[PDB]
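The next block is coords-v1.cif, given as mmCIF, C-alpha atoms and all ligand atoms.
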data_query
loop_
_atom_site.group_PDB
_atom_site.id
_atom_site.type_symbol
_atom_site.label_atom_id
_atom_site.label_comp_id
_atom_site.auth_asym_id
_atom_site.auth_seq_id
_atom_site.Cartn_x
_atom_site.Cartn_y
_atom_site.Cartn_z
ATOM 1 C CA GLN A 52 18.942 26.804 12.404
ATOM 2 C CA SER A 53 18.651 26.876 8.602
ATOM 3 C CA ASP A 54 17.806 23.159 8.598
ATOM 4 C CA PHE A 55 15.071 23.565 11.240
ATOM 5 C CA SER A 56 11.419 23.561 10.199
ATOM 6 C CA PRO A 57 8.929 24.616 12.901
ATOM 7 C CA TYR A 58 6.023 22.290 13.453
ATOM 8 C CA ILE A 59 2.600 23.751 13.997
ATOM 9 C CA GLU A 60 0.060 24.591 16.562
ATOM 10 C CA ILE A 61 -3.385 23.165 15.968
ATOM 11 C CA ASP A 62 -6.676 24.920 16.526
ATOM 12 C CA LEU A 63 -9.984 23.895 18.021
ATOM 13 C CA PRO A 64 -12.610 24.014 15.248
ATOM 14 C CA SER A 65 -13.832 27.566 14.630
ATOM 15 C CA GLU A 66 -17.056 28.651 12.964
ATOM 16 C CA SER A 67 -15.193 30.084 9.987
ATOM 17 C CA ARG A 68 -12.977 27.017 9.584
ATOM 18 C CA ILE A 69 -15.906 24.605 9.602
ATOM 19 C CA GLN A 70 -17.908 26.747 7.163
ATOM 20 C CA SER A 71 -14.930 26.929 4.804
ATOM 21 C CA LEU A 72 -14.254 23.193 5.007
ATOM 22 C CA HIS A 73 -17.831 22.524 3.948
ATOM 23 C CA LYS A 74 -17.971 25.176 1.223
ATOM 24 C CA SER A 75 -14.696 24.043 -0.340
ATOM 25 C CA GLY A 76 -15.883 20.435 -0.544
ATOM 26 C CA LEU A 77 -13.101 19.284 1.775
ATOM 27 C CA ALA A 78 -15.420 18.243 4.633
ATOM 28 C CA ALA A 79 -17.073 15.579 2.433
ATOM 29 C CA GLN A 80 -13.701 13.966 1.627
ATOM 30 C CA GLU A 81 -11.715 11.566 3.849
ATOM 31 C CA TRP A 82 -10.395 12.495 7.285
ATOM 32 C CA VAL A 83 -8.903 10.621 10.218
ATOM 33 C CA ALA A 84 -8.811 11.200 13.951
ATOM 34 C CA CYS A 85 -5.632 10.041 15.707
ATOM 35 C CA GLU A 86 -4.554 10.314 19.327
ATOM 36 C CA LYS A 87 -3.175 13.639 20.534
ATOM 37 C CA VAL A 88 -0.241 12.709 22.768
ATOM 38 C CA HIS A 89 0.727 14.921 25.711
ATOM 39 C CA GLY A 90 4.515 15.055 25.592
ATOM 40 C CA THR A 91 6.798 17.601 24.000
ATOM 41 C CA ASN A 92 7.275 18.402 20.335
ATOM 42 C CA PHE A 93 10.209 16.621 18.753
ATOM 43 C CA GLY A 94 11.737 16.347 15.313
ATOM 44 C CA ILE A 95 14.237 13.908 13.849
ATOM 45 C CA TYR A 96 16.118 15.310 10.880
ATOM 46 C CA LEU A 97 18.293 13.716 8.224
ATOM 47 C CA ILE A 98 20.093 16.419 6.222
ATOM 48 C CA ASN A 99 21.924 15.727 2.949
ATOM 49 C CA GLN A 100 25.133 17.607 2.351
ATOM 50 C CA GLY A 101 26.161 16.156 -1.011
ATOM 51 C CA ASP A 102 27.998 12.825 -0.582
ATOM 52 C CA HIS A 103 27.533 13.034 3.191
ATOM 53 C CA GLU A 104 24.630 13.626 5.591
ATOM 54 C CA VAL A 105 23.850 14.406 9.216
ATOM 55 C CA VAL A 106 21.234 13.445 11.802
ATOM 56 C CA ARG A 107 19.888 16.261 14.004
ATOM 57 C CA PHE A 108 17.248 16.543 16.712
ATOM 58 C CA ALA A 109 14.857 19.401 17.392
ATOM 59 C CA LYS A 110 12.604 20.563 20.182
ATOM 60 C CA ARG A 111 9.747 23.041 19.663
ATOM 61 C CA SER A 112 12.050 26.015 19.279
ATOM 62 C CA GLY A 113 14.899 24.636 17.182
ATOM 63 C CA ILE A 114 17.545 22.065 16.460
ATOM 64 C CA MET A 115 19.518 21.290 19.617
ATOM 65 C CA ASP A 116 23.185 21.277 20.400
ATOM 66 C CA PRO A 117 24.132 17.606 20.942
ATOM 67 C CA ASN A 118 25.030 18.302 24.606
ATOM 68 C CA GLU A 119 21.715 19.901 25.539
ATOM 69 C CA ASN A 120 20.028 17.641 28.086
ATOM 70 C CA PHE A 121 16.384 17.446 26.967
ATOM 71 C CA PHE A 122 14.215 15.003 28.882
ATOM 72 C CA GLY A 123 16.755 12.195 28.518
ATOM 73 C CA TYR A 124 16.157 11.776 24.779
ATOM 74 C CA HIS A 125 19.748 10.710 24.267
ATOM 75 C CA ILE A 126 18.607 7.241 25.472
ATOM 76 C CA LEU A 127 16.729 6.947 22.133
ATOM 77 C CA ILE A 128 19.326 8.392 19.737
ATOM 78 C CA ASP A 129 20.702 5.059 18.562
ATOM 79 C CA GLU A 130 17.168 3.887 17.770
ATOM 80 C CA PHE A 131 16.202 7.175 16.100
ATOM 81 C CA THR A 132 19.377 7.127 14.005
ATOM 82 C CA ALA A 133 18.764 3.597 12.725
ATOM 83 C CA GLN A 134 15.124 4.482 12.069
ATOM 84 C CA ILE A 135 15.670 7.712 10.141
ATOM 85 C CA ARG A 136 18.254 6.021 7.899
ATOM 86 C CA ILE A 137 15.794 3.261 7.094
ATOM 87 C CA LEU A 138 13.046 5.772 6.360
ATOM 88 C CA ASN A 139 15.278 7.760 4.014
ATOM 89 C CA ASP A 140 16.299 4.657 2.116
ATOM 90 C CA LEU A 141 12.660 3.615 1.719
ATOM 91 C CA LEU A 142 11.687 7.028 0.407
ATOM 92 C CA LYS A 143 14.570 7.235 -2.042
ATOM 93 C CA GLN A 144 13.873 3.774 -3.401
ATOM 94 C CA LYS A 145 10.117 4.203 -3.728
ATOM 95 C CA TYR A 146 10.151 7.744 -5.169
ATOM 96 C CA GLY A 147 13.194 7.270 -7.408
ATOM 97 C CA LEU A 148 15.255 9.934 -5.658
ATOM 98 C CA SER A 149 19.070 9.963 -5.758
ATOM 99 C CA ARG A 150 19.202 12.443 -2.878
ATOM 100 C CA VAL A 151 16.856 13.907 -0.270
ATOM 101 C CA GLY A 152 18.072 17.320 0.870
ATOM 102 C CA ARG A 153 16.079 17.220 4.124
ATOM 103 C CA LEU A 154 13.909 14.528 5.681
ATOM 104 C CA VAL A 155 11.883 15.540 8.733
ATOM 105 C CA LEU A 156 10.124 13.009 10.978
ATOM 106 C CA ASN A 157 8.011 14.972 13.448
ATOM 107 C CA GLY A 158 6.433 13.505 16.531
ATOM 108 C CA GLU A 159 5.900 13.734 20.251
ATOM 109 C CA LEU A 160 8.550 12.759 22.813
ATOM 110 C CA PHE A 161 6.535 11.319 25.691
ATOM 111 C CA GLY A 162 6.438 9.088 28.714
ATOM 112 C CA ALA A 163 8.754 8.623 31.682
ATOM 113 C CA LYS A 164 5.786 8.747 34.076
ATOM 114 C CA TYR A 165 3.423 5.975 35.137
ATOM 115 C CA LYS A 166 2.341 6.100 38.763
ATOM 116 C CA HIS A 167 1.282 2.511 39.428
ATOM 117 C CA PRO A 168 2.957 0.583 42.258
ATOM 118 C CA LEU A 169 3.494 -2.504 40.062
ATOM 119 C CA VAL A 170 5.292 -0.468 37.389
ATOM 120 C CA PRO A 171 8.792 0.468 38.549
ATOM 121 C CA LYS A 172 10.250 3.751 37.472
ATOM 122 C CA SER A 173 12.832 3.480 34.714
ATOM 123 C CA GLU A 174 16.258 2.186 35.714
ATOM 124 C CA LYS A 175 17.805 3.618 32.538
ATOM 125 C CA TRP A 176 20.327 6.451 32.323
ATOM 126 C CA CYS A 177 21.104 8.401 29.174
ATOM 127 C CA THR A 178 24.605 9.476 28.198
ATOM 128 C CA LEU A 179 25.402 12.711 26.395
ATOM 129 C CA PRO A 180 28.331 13.080 23.954
ATOM 130 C CA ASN A 181 30.270 14.838 26.747
ATOM 131 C CA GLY A 182 29.833 11.807 29.058
ATOM 132 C CA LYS A 183 27.287 13.300 31.409
ATOM 133 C CA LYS A 184 24.505 10.924 32.397
ATOM 134 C CA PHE A 185 20.968 11.554 33.595
ATOM 135 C CA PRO A 186 18.401 9.155 34.985
ATOM 136 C CA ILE A 187 15.212 8.563 33.064
ATOM 137 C CA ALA A 188 13.609 8.264 36.533
ATOM 138 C CA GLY A 189 14.301 12.002 36.933
ATOM 139 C CA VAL A 190 12.558 13.042 33.687
ATOM 140 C CA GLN A 191 9.239 14.905 34.036
ATOM 141 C CA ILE A 192 7.936 16.005 30.658
ATOM 142 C CA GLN A 193 4.476 16.853 32.032
ATOM 143 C CA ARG A 194 3.005 17.368 35.508
ATOM 144 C CA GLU A 195 -0.614 16.456 34.715
ATOM 145 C CA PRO A 196 -2.112 13.362 36.408
ATOM 146 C CA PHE A 197 -3.399 12.177 33.027
ATOM 147 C CA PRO A 198 -2.645 11.079 30.451
ATOM 148 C CA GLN A 199 0.167 8.830 31.683
ATOM 149 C CA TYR A 200 1.742 6.489 29.185
ATOM 150 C CA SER A 201 4.806 4.516 30.311
ATOM 151 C CA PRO A 202 7.732 4.606 32.745
ATOM 152 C CA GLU A 203 10.079 4.687 29.736
ATOM 153 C CA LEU A 204 10.669 7.396 27.153
ATOM 154 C CA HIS A 205 9.081 7.016 23.731
ATOM 155 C CA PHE A 206 8.501 8.820 20.446
ATOM 156 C CA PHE A 207 5.089 9.016 18.767
ATOM 157 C CA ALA A 208 5.494 9.859 15.081
ATOM 158 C CA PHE A 209 2.814 12.050 13.530
ATOM 159 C CA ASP A 210 4.224 13.530 10.290
ATOM 160 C CA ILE A 211 6.827 12.863 7.618
ATOM 161 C CA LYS A 212 7.942 15.391 5.024
ATOM 162 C CA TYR A 213 10.854 15.487 2.623
ATOM 163 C CA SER A 214 12.451 18.193 0.484
ATOM 164 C CA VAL A 215 14.446 16.887 -2.459
ATOM 165 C CA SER A 216 16.320 20.184 -2.971
ATOM 166 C CA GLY A 217 16.420 20.780 0.791
ATOM 167 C CA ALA A 218 14.610 24.107 0.410
ATOM 168 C CA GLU A 219 11.703 24.816 2.766
ATOM 169 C CA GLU A 220 9.349 25.652 -0.103
ATOM 170 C CA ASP A 221 9.948 22.227 -1.700
ATOM 171 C CA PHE A 222 8.805 20.102 1.235
ATOM 172 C CA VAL A 223 6.399 17.316 0.285
ATOM 173 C CA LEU A 224 4.231 16.041 3.132
ATOM 174 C CA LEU A 225 3.168 12.400 3.176
ATOM 175 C CA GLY A 226 -0.559 11.846 3.159
ATOM 176 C CA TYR A 227 -2.045 9.682 5.912
ATOM 177 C CA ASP A 228 -1.982 6.397 4.023
ATOM 178 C CA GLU A 229 1.594 6.920 2.841
ATOM 179 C CA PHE A 230 2.636 8.042 6.331
ATOM 180 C CA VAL A 231 1.296 4.786 7.776
ATOM 181 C CA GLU A 232 2.801 2.666 4.984
ATOM 182 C CA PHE A 233 6.282 4.064 5.475
ATOM 183 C CA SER A 234 6.087 4.262 9.280
ATOM 184 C CA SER A 235 4.963 0.644 9.478
ATOM 185 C CA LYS A 236 8.192 -0.348 7.697
ATOM 186 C CA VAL A 237 10.469 1.559 10.088
ATOM 187 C CA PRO A 238 11.357 -0.966 12.808
ATOM 188 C CA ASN A 239 9.867 -0.193 16.213
ATOM 189 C CA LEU A 240 8.521 3.191 15.164
ATOM 190 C CA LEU A 241 5.373 4.106 17.067
ATOM 191 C CA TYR A 242 3.066 6.233 14.944
ATOM 192 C CA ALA A 243 -0.315 7.907 14.869
ATOM 193 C CA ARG A 244 -2.991 5.506 13.683
ATOM 194 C CA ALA A 245 -6.565 6.334 12.827
ATOM 195 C CA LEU A 246 -9.121 5.845 15.595
ATOM 196 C CA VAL A 247 -11.871 6.697 13.124
ATOM 197 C CA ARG A 248 -11.857 7.445 9.399
ATOM 198 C CA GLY A 249 -14.620 9.080 7.393
ATOM 199 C CA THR A 250 -16.001 12.487 6.594
ATOM 200 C CA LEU A 251 -14.981 15.444 8.704
ATOM 201 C CA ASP A 252 -18.272 15.164 10.610
ATOM 202 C CA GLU A 253 -17.784 11.447 11.267
ATOM 203 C CA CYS A 254 -14.356 12.185 12.774
ATOM 204 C CA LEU A 255 -15.717 15.147 14.778
ATOM 205 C CA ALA A 256 -18.223 12.752 16.374
ATOM 206 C CA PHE A 257 -15.429 10.801 18.049
ATOM 207 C CA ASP A 258 -16.092 10.429 21.780
ATOM 208 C CA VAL A 259 -13.118 12.326 23.280
ATOM 209 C CA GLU A 260 -14.755 12.709 26.664
ATOM 210 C CA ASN A 261 -14.447 8.973 27.333
ATOM 211 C CA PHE A 262 -11.359 8.197 25.261
ATOM 212 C CA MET A 263 -8.874 6.364 27.492
ATOM 213 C CA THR A 264 -5.359 6.479 26.089
ATOM 214 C CA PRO A 265 -4.591 3.118 24.425
ATOM 215 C CA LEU A 266 -0.844 3.657 24.697
ATOM 216 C CA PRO A 267 -0.254 2.063 28.145
ATOM 217 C CA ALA A 268 -1.682 -1.237 26.910
ATOM 218 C CA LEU A 269 0.343 -1.003 23.694
ATOM 219 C CA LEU A 270 3.464 -0.402 25.807
ATOM 220 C CA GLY A 271 3.011 -3.453 28.034
ATOM 221 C CA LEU A 272 0.893 -2.022 30.832
ATOM 222 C CA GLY A 273 -2.527 -3.501 30.132
ATOM 223 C CA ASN A 274 -2.618 -5.212 33.533
ATOM 224 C CA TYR A 275 -1.806 -1.978 35.416
ATOM 225 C CA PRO A 276 -4.608 0.482 34.693
ATOM 226 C CA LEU A 277 -4.723 3.985 36.145
ATOM 227 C CA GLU A 278 -8.175 5.298 37.020
ATOM 228 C CA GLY A 279 -9.286 8.217 34.891
ATOM 229 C CA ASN A 280 -6.338 7.890 32.488
ATOM 230 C CA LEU A 281 -7.995 9.778 29.645
ATOM 231 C CA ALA A 282 -6.139 10.710 26.505
ATOM 232 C CA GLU A 283 -5.500 14.394 25.962
ATOM 233 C CA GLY A 284 -7.710 14.275 22.885
ATOM 234 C CA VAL A 285 -7.443 13.773 19.151
ATOM 235 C CA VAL A 286 -6.024 15.460 16.087
ATOM 236 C CA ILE A 287 -8.307 15.352 13.043
ATOM 237 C CA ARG A 288 -6.825 15.823 9.595
ATOM 238 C CA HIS A 289 -7.628 15.361 5.920
ATOM 239 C CA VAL A 290 -5.971 12.218 4.607
ATOM 240 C CA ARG A 291 -4.385 14.235 1.774
ATOM 241 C CA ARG A 292 -3.371 17.224 3.867
ATOM 242 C CA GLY A 293 -0.403 18.791 2.091
ATOM 243 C CA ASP A 294 -1.450 17.716 -1.416
ATOM 244 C CA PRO A 295 -1.646 20.713 -3.787
ATOM 245 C CA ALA A 296 -5.246 19.881 -4.765
ATOM 246 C CA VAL A 297 -6.206 20.087 -1.063
ATOM 247 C CA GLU A 298 -4.014 23.068 -0.262
ATOM 248 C CA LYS A 299 -5.349 25.110 -3.171
ATOM 249 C CA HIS A 300 -8.503 25.840 -1.162
ATOM 250 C CA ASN A 301 -6.515 27.862 1.389
ATOM 251 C CA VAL A 302 -8.215 26.223 4.379
ATOM 252 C CA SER A 303 -6.222 24.458 7.064
ATOM 253 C CA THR A 304 -7.054 20.751 7.213
ATOM 254 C CA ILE A 305 -5.911 19.971 10.735
ATOM 255 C CA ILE A 306 -7.863 20.544 13.944
ATOM 256 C CA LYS A 307 -7.923 19.178 17.489
ATOM 257 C CA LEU A 308 -10.470 18.172 20.103
ATOM 258 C CA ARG A 309 -9.548 17.827 23.779
ATOM 259 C CA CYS A 310 -11.384 16.141 26.578
ATOM 260 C CA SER A 311 -12.915 18.484 29.114
ATOM 261 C CA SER A 312 -11.203 16.637 31.967
ATOM 262 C CA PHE A 313 -7.800 17.492 30.468
ATOM 263 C CA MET A 314 -8.722 21.114 29.750
ATOM 264 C CA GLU A 315 -9.785 21.512 33.404
ATOM 265 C CA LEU A 316 -6.283 20.545 34.617
HETATM 266 N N1 LIG A 401 -1.355 13.190 16.607
HETATM 267 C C1 LIG A 401 -0.717 14.365 16.662
HETATM 268 N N2 LIG A 401 -0.626 15.096 15.515
HETATM 269 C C2 LIG A 401 -0.056 16.333 15.521
HETATM 270 N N3 LIG A 401 0.414 16.944 16.624
HETATM 271 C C3 LIG A 401 0.325 16.211 17.756
HETATM 272 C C4 LIG A 401 -0.220 14.924 17.839
HETATM 273 N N4 LIG A 401 -0.110 14.445 19.112
HETATM 274 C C5 LIG A 401 0.463 15.439 19.806
HETATM 275 N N5 LIG A 401 0.743 16.514 19.006
HETATM 276 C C6 LIG A 401 1.325 17.777 19.481
HETATM 277 O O1 LIG A 401 0.246 18.721 19.498
HETATM 278 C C7 LIG A 401 0.774 20.003 19.189
HETATM 279 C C8 LIG A 401 -0.297 20.924 18.662
HETATM 280 O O2 LIG A 401 -1.330 21.064 19.618
HETATM 281 P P1 LIG A 401 -1.624 22.437 20.354
HETATM 282 O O3 LIG A 401 -1.687 23.569 19.360
HETATM 283 O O4 LIG A 401 -2.756 22.157 21.267
HETATM 284 O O5 LIG A 401 -0.268 22.694 21.189
HETATM 285 P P2 LIG A 401 0.066 22.134 22.657
HETATM 286 O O6 LIG A 401 -0.020 20.644 22.642
HETATM 287 O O7 LIG A 401 -0.766 22.833 23.651
HETATM 288 O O8 LIG A 401 1.576 22.629 22.730
HETATM 289 P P3 LIG A 401 2.732 21.996 23.654
HETATM 290 O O9 LIG A 401 3.722 21.395 22.658
HETATM 291 O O10 LIG A 401 3.342 23.171 24.380
HETATM 292 O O11 LIG A 401 2.069 20.974 24.544
HETATM 293 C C9 LIG A 401 1.804 19.678 18.121
HETATM 294 O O12 LIG A 401 2.727 20.708 17.896
HETATM 295 C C10 LIG A 401 2.427 18.383 18.617
HETATM 296 O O13 LIG A 401 3.588 18.637 19.381
HETATM 297 MG MG MG A 402 0.997 19.322 23.851
#

Write-out of the structure in C-alpha cells:
Amino acid sequence: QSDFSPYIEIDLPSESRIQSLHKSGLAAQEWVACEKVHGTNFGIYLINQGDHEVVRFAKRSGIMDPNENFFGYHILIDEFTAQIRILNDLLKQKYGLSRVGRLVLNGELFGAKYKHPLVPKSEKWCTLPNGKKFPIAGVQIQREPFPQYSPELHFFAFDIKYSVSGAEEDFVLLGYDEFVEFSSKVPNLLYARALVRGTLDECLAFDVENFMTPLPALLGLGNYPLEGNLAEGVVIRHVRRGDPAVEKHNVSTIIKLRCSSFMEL
C-alpha cells in the first residue's frame, strides 16, 4: 500500500472552524460549493517506476488487487486508463516535468441505480482479469432512495494531486481553477463544478434543502424525473486549498453541508 494515499473525511462547519476561517482572513477569499455525490470513494493512480509506470485503483481503505470485484468498476477501467494517461501527459507538458512519481485522481464511483420505469437497468457486464463477469444490474452502491443518478456506473472527479518525487510529503494539490482546466481536457471525465462561487458566507448560503441533483439530466435522464431526488449536499472549499499560503494558517478549508432529507434517511 505504499502508493496509496487516503482521501479525507469532511466535517460539517463547527464554531471553531468558522471563527478561525474568519480570523485568518480565509473566509473573505474565494470559495466554491460543488455537489457532494453519494457513491463510494475511489482513486485512480498512475505510478512512475523509472522508465515504466503502472495504473492502480483504490477504494476508501486501499489500493485493490486487480481481481477484487468492487461494484463492477472494471467496466470503466479502459476509460480510466486512457483518461489518467492523458491527464499525466497534460501535467508533465504544462509544468515542465520529465517524470511524475505519483498522480492521484480522486473521485466518487457512483450510479447503477435509477428506479424509473422508462429507464432500463444496465445491460452491461464487467469482466475481471481472471475472466469472471458481473452484471452492472446487480450493483448496489447505496440503498438510499435519493439521490439516484443513472442506471450506469460513473466516476465523479473531485481532486487531482501529483508528487514529482513520488513521496507523500511532496504532493501538490491542484487548486479549483486548475482542477477544472485539466479535467475539462480529459475526454469524458465528469468532474465537480462550482454551483456557486464567492466568499465562504456566499457559498454557505447555498440552498441545499431544495438542491435537486443535476446529474440525472447531465447523464441523459432529463425526461425521467424522480420525485424528491435531492442531492446529498455540497462540499465547500477554498479555491486555493492546498496552496502553501492557504495552508500556513493551519485551518482546514473544506467543509460539507447536507440536506436534512438525506440526513433523515
Ligand atoms: N465534491 C466532493 N468533494 C469531495 N468529496 C466528495 C465529493 N462528493 C462526494 N465526496 C465524498 O465525500 C466524502 C467525505 O464526506 P463525509 O466525511 O461526509 O464521508 P461520507 O460521505 O459519509 O463517507 P462514505 O464514503 O462512507 O459515504 C469523501 O471522502 C468523498 O468520498
Ligand atoms: Mg459518502

Hey, what comes out of the PyMOL selection byres (((not hetatm)) within 8 of (chain A and resi 402)) on this file? Could you write it as a list in words? residues 87, 88, 89, 90, 91 and 92 of chain A

For the file shown, what are the residues hit by the PyMOL selection byres (((not hetatm)) within 8 of (chain A and resi 401)), laid out as an MDAnalysis selection string? chainID A and resid 58:62 85:93 111 158:159 207:210 243 285:286 307

Keeping only C-alpha atoms, take the residues you just selected and write them out as an mmCIF file, in the coordinates of the input.
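Written output follows (out02.cif):
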data_model
loop_
_atom_site.group_PDB
_atom_site.id
_atom_site.type_symbol
_atom_site.label_atom_id
_atom_site.label_comp_id
_atom_site.auth_asym_id
_atom_site.auth_seq_id
_atom_site.Cartn_x
_atom_site.Cartn_y
_atom_site.Cartn_z
ATOM 1 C CA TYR A 58 6.023 22.290 13.453
ATOM 2 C CA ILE A 59 2.600 23.751 13.997
ATOM 3 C CA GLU A 60 0.060 24.591 16.562
ATOM 4 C CA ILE A 61 -3.385 23.165 15.968
ATOM 5 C CA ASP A 62 -6.676 24.920 16.526
ATOM 6 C CA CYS A 85 -5.632 10.041 15.707
ATOM 7 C CA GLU A 86 -4.554 10.314 19.327
ATOM 8 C CA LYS A 87 -3.175 13.639 20.534
ATOM 9 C CA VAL A 88 -0.241 12.709 22.768
ATOM 10 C CA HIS A 89 0.727 14.921 25.711
ATOM 11 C CA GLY A 90 4.515 15.055 25.592
ATOM 12 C CA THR A 91 6.798 17.601 24.000
ATOM 13 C CA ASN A 92 7.275 18.402 20.335
ATOM 14 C CA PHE A 93 10.209 16.621 18.753
ATOM 15 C CA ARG A 111 9.747 23.041 19.663
ATOM 16 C CA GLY A 158 6.433 13.505 16.531
ATOM 17 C CA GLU A 159 5.900 13.734 20.251
ATOM 18 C CA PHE A 207 5.089 9.016 18.767
ATOM 19 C CA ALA A 208 5.494 9.859 15.081
ATOM 20 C CA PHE A 209 2.814 12.050 13.530
ATOM 21 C CA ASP A 210 4.224 13.530 10.290
ATOM 22 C CA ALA A 243 -0.315 7.907 14.869
ATOM 23 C CA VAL A 285 -7.443 13.773 19.151
ATOM 24 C CA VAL A 286 -6.024 15.460 16.087
ATOM 25 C CA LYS A 307 -7.923 19.178 17.489
#

Kindly give the distance, in Å, that separates CA of residue 107 (chain A) and CA of residue 156 (chain A), rounded to a single decimal. 10.7 Å

Looking at all atoms listed in the file, which of A:65, A:311, A:239, A:120 is the one that sits closest to residue 133 (chain A)?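 Distance minimum relative to residue 133 (chain A) lands on A:239.
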
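CA of residue 129 (chain A) is found 21.4 Å from CA of residue 213 (chain A).
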
Would you pick out the contacts of region 224-238 of chain A at 6 Å or less, using only C-alpha atoms, so that residues sharing its chain but fewer than 5 positions from it are not included, and give the list as number ranges by chain? A: 134, 211-212, 290-291, 293

Can you tell me which residues surround residue 303 (chain A) at a distance of at most 12 Å, considering only C-alpha atoms, apart from same-chain residues fewer than 5 positions away, and format the answer as a ChimeraX atom specification? /A:59-65,67-72,75,77-78,287-289,291-294,297-298

One-decimal distance in Å that lies between CA of residue 84 (chain A) and CA of residue 200 (chain A):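 CA of residue 200 (chain A) sits 19.1 Å away from CA of residue 84 (chain A).
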
Can you list, as an MDAnalysis selection string, the residues that the PyMOL selection byres (((chain A and resi 186) around 9) and not hetatm) selects here? chainID A and resid 123 173:177 184:185 187:190

Put a box with edges along x, y and z around all the listed atoms of region 181-196 of chain A, pad it by 6 Å on each side, then give me its centre and sizes in Å, one decimal, as JSON.
{"center_x": 14.1, "center_y": 12.8, "center_z": 31.8, "size_x": 44.4, "size_y": 21.1, "size_z": 22.2}

Kindly indicate which residue among A:222, A:206, A:242, A:313 lies nearest to residue 130 (chain A), using all atoms listed in the file for the distances. A:206

Here is a test: counting all atoms listed in the file, which residue of A:82, A:55, A:257, A:124 is nearest to residue 308 (chain A)? A:257

Considering only C-alpha atoms, return as a ChimeraX atom specification whatever protein or nucleic-acid residues lie within 10 Å of residue 202 (chain A), sequence-local ones (same chain, fewer than 3 positions apart) excluded. /A:161-167,170-174,187-188,190,199,205,267,270,272

Print the selection's residues with C-alpha atoms to a file, as a PDB file, keeping the file's coordinate frame.
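See part30.pdb below for the written result:
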ATOM      1  CA  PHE A 161       6.535  11.319  25.691  1.00  0.00           C
ATOM      2  CA  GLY A 162       6.438   9.088  28.714  1.00  0.00           C
ATOM      3  CA  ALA A 163       8.754   8.623  31.682  1.00  0.00           C
ATOM      4  CA  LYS A 164       5.786   8.747  34.076  1.00  0.00           C
ATOM      5  CA  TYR A 165       3.423   5.975  35.137  1.00  0.00           C
ATOM      6  CA  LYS A 166       2.341   6.100  38.763  1.00  0.00           C
ATOM      7  CA  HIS A 167       1.282   2.511  39.428  1.00  0.00           C
ATOM      8  CA  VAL A 170       5.292  -0.468  37.389  1.00  0.00           C
ATOM      9  CA  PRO A 171       8.792   0.468  38.549  1.00  0.00           C
ATOM     10  CA  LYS A 172      10.250   3.751  37.472  1.00  0.00           C
ATOM     11  CA  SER A 173      12.832   3.480  34.714  1.00  0.00           C
ATOM     12  CA  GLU A 174      16.258   2.186  35.714  1.00  0.00           C
ATOM     13  CA  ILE A 187      15.212   8.563  33.064  1.00  0.00           C
ATOM     14  CA  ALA A 188      13.609   8.264  36.533  1.00  0.00           C
ATOM     15  CA  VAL A 190      12.558  13.042  33.687  1.00  0.00           C
ATOM     16  CA  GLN A 199       0.167   8.830  31.683  1.00  0.00           C
ATOM     17  CA  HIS A 205       9.081   7.016  23.731  1.00  0.00           C
ATOM     18  CA  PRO A 267      -0.254   2.063  28.145  1.00  0.00           C
ATOM     19  CA  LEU A 270       3.464  -0.402  25.807  1.00  0.00           C
ATOM     20  CA  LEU A 272       0.893  -2.022  30.832  1.00  0.00           C
TER      21      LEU A 272
END

May I have the protein, DNA and RNA residues with an atom at most 8 Å from (-8.8, 10.3, 30.3), counting all atoms listed in the file in the file's coordinates, returned as an MDAnalysis selection string? chainID A and resid 197:198 260:264 279:283 310 312:313
